[PDB]
Structure formats: C-alpha cells, structure tokens
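Residues 14 to 215, 220 to 393, numbered by the entry's author numbering, are exactly what the sequence shown covers, in order.
C-beta atoms are modelled at their ideal positions from N, C-alpha and C, and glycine is treated no differently.
The structure appears right after this line, and notes come after that.
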Amino acid sequence: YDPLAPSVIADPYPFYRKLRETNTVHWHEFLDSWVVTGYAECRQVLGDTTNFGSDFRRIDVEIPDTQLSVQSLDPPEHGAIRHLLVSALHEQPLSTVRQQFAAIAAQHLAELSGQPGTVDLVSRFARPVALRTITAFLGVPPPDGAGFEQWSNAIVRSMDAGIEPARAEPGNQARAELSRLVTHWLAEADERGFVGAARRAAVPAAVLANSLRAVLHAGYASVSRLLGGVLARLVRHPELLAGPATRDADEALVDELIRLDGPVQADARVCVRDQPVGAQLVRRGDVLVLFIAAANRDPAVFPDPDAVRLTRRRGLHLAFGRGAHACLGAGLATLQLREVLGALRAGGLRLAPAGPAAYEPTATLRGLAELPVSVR
Ligand code: HEM
Numbered sequence: 014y015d016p017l018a019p020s021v022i023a024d025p026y027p028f029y030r031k032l033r034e035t036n037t038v039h040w041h042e043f044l045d046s047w048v049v050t051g052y053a054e055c056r057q058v059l060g061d062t063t064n065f066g067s068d069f070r071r072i073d074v075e076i077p078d079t080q081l082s083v084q085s086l087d088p089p090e091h092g093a094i095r096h097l098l099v100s101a102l103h104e105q106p107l108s109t110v111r112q113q114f115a116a117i118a119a120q121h122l123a124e125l126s127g128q129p130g131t132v133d134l135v136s137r138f139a140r141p142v143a144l145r146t147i148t149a150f151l152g153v154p155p156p157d158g159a160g161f162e163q164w165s166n167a168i169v170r171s172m173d174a175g176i177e178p179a180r181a182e183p184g185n186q187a188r189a190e191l192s193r194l195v196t197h198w199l200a201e202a203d204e205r206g207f208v209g210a211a212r213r214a215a220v221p222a223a224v225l226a227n228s229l230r231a232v233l234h235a236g237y238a239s240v241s242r243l244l245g246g247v248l249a250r251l252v253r254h255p256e257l258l259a260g261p262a263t264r265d266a267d268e269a270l271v272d273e274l275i276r277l278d279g280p281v282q283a284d285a286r287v288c289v290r291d292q293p294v295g296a297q298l299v300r301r302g303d304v305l306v307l308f309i310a311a312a313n314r315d316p317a318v319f320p321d322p323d324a325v326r327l328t329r330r331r332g333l334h335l336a337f338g339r340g341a342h343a344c345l346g347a348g349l350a351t352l353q354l355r356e357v358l359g360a361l362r363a364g365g366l367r368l369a370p371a372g373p374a375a376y377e378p379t380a381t382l383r384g385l386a387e388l389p390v391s392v393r
C-alpha cells in the first residue's frame, strides 16, 4: 500500500477497504505508524485525548513555544485558544455570513454560464469560492488566487512529508509566507469579521497567530477540496440534485456528501498511554494515522457505504473529526455547501463531464487537480 502510488491516488477507497477487511489496525513498519481504517477504532482514538494526543510535548518531544497552535495543543491548554476561536466565530451574524456565502457561490456560477468550451471547476469555482468565502468570514481582503493556491498546494503536499520527506521544505516556506499574511491582518484588520473578534478576545500572541493561520488555511484547503469532490460526484450523478430540495432533504444530502467526499483522508495522533485499539495494543510513543475517510466507508456503520443514502442517522460521520479537536468550521462548511447546492439549483445549469477527474498526488488531504466539464 503506497499511499502516493498513481493508482491509489486515482481511487484510494478500494485500498482502504482491503486494509479494513484484513485488519482495522495495521502496523505500517516503514512509516512507523498504525493505520486505522475501522470506524469504531477511529472514533475511539479521536475522542480519547487522555491516551492519544496531538501535542507531541506530552511524549517528551521538544516543541518551541513559538510553534504552538490550537491543533497541536491538548486540554487543558487547548481549551483557552479553542474557546477564543469559538467565541469569535459566534460573534459573526449568520444572516450576514449566509448572504455572503450565497452571493459568492452564485457569482462564480453565473460566470460559468455561457462558456461554450470546457471549463475546470477546480480553478474556476472550487478554489475562488473557497478563498473569497474564508476571507469574507475573516473580514480581510482576498489575496491573489493563483499565488495563494501555490502556497496552499505546497502546504498540503507537505502533510505527506512522512512519506516523501522532501515535501517538508516547500511547506515550511509557504507556512512562513502565510504567517506574514496573518501578521498583516492582525495589525490592520477591521473590527468586523473573525480576525477583529479574535484579536479582542485575546492567550499568548504566537498561539493566536498560528491558530488564525490554521483557520485561514484549514478553511481554504478543506472547503476548496470538499467543493471539488462534491462537484465531481454531482456531475456524474446529477440525479442527486433532483431530490425534494427541501431544507430537511438537503440536510440529509449534505451530510452524505460530506461523509463521502470529505477531503481529510488521514488524521494523526500520538499515543500518550498504552491503550488497546482494535485487535492491537498501541504503546506510548506510537504514532497512529486515522483514515477517517476510510472509516466513513465502514460497512458495519454505513451499509452500502459508497452510496448516498438519505435515511441514515445523522451525527455518525467522522469527516469533521470528533471530540476536543472537532472541526471549528463544521457549521460554516455545512452552511457553505448548502448554499452551493441552492445556487446550482437556481442556476439551472447542466454540468456534463468533459474529461476525467484528475487527482493531485496528495494522500493526507484528497484533492482534484482538474474537473473538466461543459457549462450549459
Ligand atoms: C470554514 C471552513 C473551515 C474552517 C474555518 C476550519 C478550521 C479548522 C480548525 C481551526 C481546526 C482545528 C480545531 C482544533 O484543533 O481544535 C479544524 C479541524 C478539523 N477540520 Fe476544519 N475547517 C473548515 C472546514 C473543514 C472541512 C470542509 C473539513 C472536511 C470536510 C474539515 C475537517 C477537519 C477535521 C477532520 C478536523 C479535525 C482535526 C483533528 O482531529 O485534529 N474542516 N478545522
């Protein structure tokens, strides 16, 4: 199982299933990590911050204070910055946020109307919508789209540095570049928007800046890839949009689309205290990679796991994580995807495949390089 093999990148889910069917907790000796593909096992590890952690300092690893961030802190320190970010999130009026998200999606869809040739929905919709959406929420001017994607691409590829260590350095350079952008916004941001509210709430300055950088990039990188993957499914299966289109029906549809096309394929933890996971005893110091995308296809929990089923129980999928580190933006992301579905229906356009979906060579975060379609 080479996670970056071209055949795996083309469609990793049959490989996930082969792993899950043989052992829900495999030891990957070359990555020196457990590979967890079972739903119960991923859900266990994600919620148990007592025995499994994200702060490597809890296994005696030196981490400078300048590099601490919400995603690499565990309780009790995690609660302060986490609460700060949630407070700033909850100060944003949702009527304004939904109007902004709906306008952005509609504007970029209308720009596709009348395109006689082939259009790439990744670069023409998923990425610009995600970038304007996150910066609108943050209350800051959008950076150059092509330039920002170059930085983000380097960062996303660096998440696979455990597989290809050469990917680390381009990511460090892109991270430092996003740091300067966040520093400018902190000094200059309007009182309106998430940045202004975070600043007021504030926690050491380095934790705040690093956490805002995570909000920015986690938002852009995840939303753009979620939209790309959802769009790829909709173009092949337009019947998914021909449903009741009520608020409750769309709630179920959106939940399934996130379960199936949630872009996070791998979510890592370190074992702080020995604990059984699946059939295995995991040991303090062991790294675990939770294949949460694979867990979301576990047939024990999601019968007909590769299909949209509109009658499943809500609150099951792990695409937003679970527990203390559950996605800060899960509500924003679901709201945003809901508005995209509404914009597609109101646009009336017919998007037909004009070539194969092509995927980037990224294993931790799954993303399309291109989604060629015909606007109609
Ligand atoms: C506006 C959109 C988004 C924002 C602002 C955002 C931001 C964040 C932040 C700051 C965290 C860290 C929370 C913490 O460590 O306490 C996080 C976690 C996470 N996000 Fe999001 N995110 C967004 C969208 C998404 C989407 C669309 C997905 C996948 C469908 C996703 C998947 C995840 C997951 C799985 C985690 C958990 C990581 C872990 O277990 O440590 N996010 N997000």
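Judged by beta-carbon spacing, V240 lies beyond the 8 Å limit of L229, meaning their Cβ atoms are not closer than that value. Taken atom to atom, the span from the alpha-carbon of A375 to that of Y26 is near 15 Å. Ligand 1 has no heavy atom closer than 7 Å to the beta-carbon of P106.
When the alpha-carbon of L151 is set against those of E204, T50, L17, the nearest one is in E204. Residue pairing by DSSP puts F65 in a beta bridge opposite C288.
Contact check between the segment 181-199 and the segment 68-80: fewer than three CB pairs, one atom from each, fall below 8 Å, which does not count as touching. About 6 Å separates the beta carbons of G246 and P280, which is inside the 8 Å limit, making them a contact pair. Rounded to whole angstroms, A101 and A371 show a C-alpha spacing of 42 Å. Cβ contact annotation for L122 (same chain, cutoff 8 Å, sequence separation greater than five): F138, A360, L361, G364, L366, in chain order. For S171, the shortest C-beta to heavy atom distance toward ligand 1 is 7 Å or greater. Taken from the Cβ of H96, every heavy atom of ligand 1 lies 7 Å or farther away. Here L382 is near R242, since their CB atoms are less than 8 Å apart. Going by C-alpha positions, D267 is about 9 Å away from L258.
A straight line joining the alpha-carbon of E387 with that of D15 spans about 22 Å.
At the C-beta level, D272 and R326 stay beyond 8 Å of one another.
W40 is bridged by DSSP to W47. Shortest gap from the CB of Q113 to any heavy atom of ligand 1: 7 Å or more. Less than 8 Å divides the Cβ of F65 from the Cβ of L305.
With three or more CB-CB distances shorter than 8 Å, the segment 32-52 counts as touching the segment 307-319. 8 Å or more divides the Cβ of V287 from the Cβ of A238.
DSSP places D265 inside the alpha helix (DSSP H), whose first and last residues are 264-278. Per the DSSP secondary-structure output, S391 pairs in a beta bridge with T131, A369. Less than 8 Å divides the Cβ of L333 from the Cβ of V318.
In the three-state reduction of the DSSP assignment, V153 falls in the coil class. A Cβ-Cβ contact shorter than 8 Å links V294 with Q57.
Its chain contains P156 as the residues whose beta carbon lies nearer than 7 Å to that of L194, once the 5 sequence neighbours on both sides are disregarded; these appear in chain order. The beta-carbon distance between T148 and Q353, rounded to whole angstroms, is 13 Å. This is too long to meet the 8 Å contact definition. Taking the CA atoms as reference points, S46 sits about 46 Å from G130. Cβ atoms of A118 and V392 stay farther apart than 8 Å, at about 15 Å. DSSP places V21 in the uninterrupted alpha helix (DSSP H) bounded by 19-23.
Pairing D284 with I94, the inter-Cα distance amounts to about 20 Å. The C-alpha of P378 lies about 18 Å from the C-alpha of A235. Spanning the alpha carbons of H254 and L274 requires a straight line of approximately 12 Å. DSSP, reduced to helix, strand and coil, places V220 outside both helices and strands of the structure shown, so it counts as coil.
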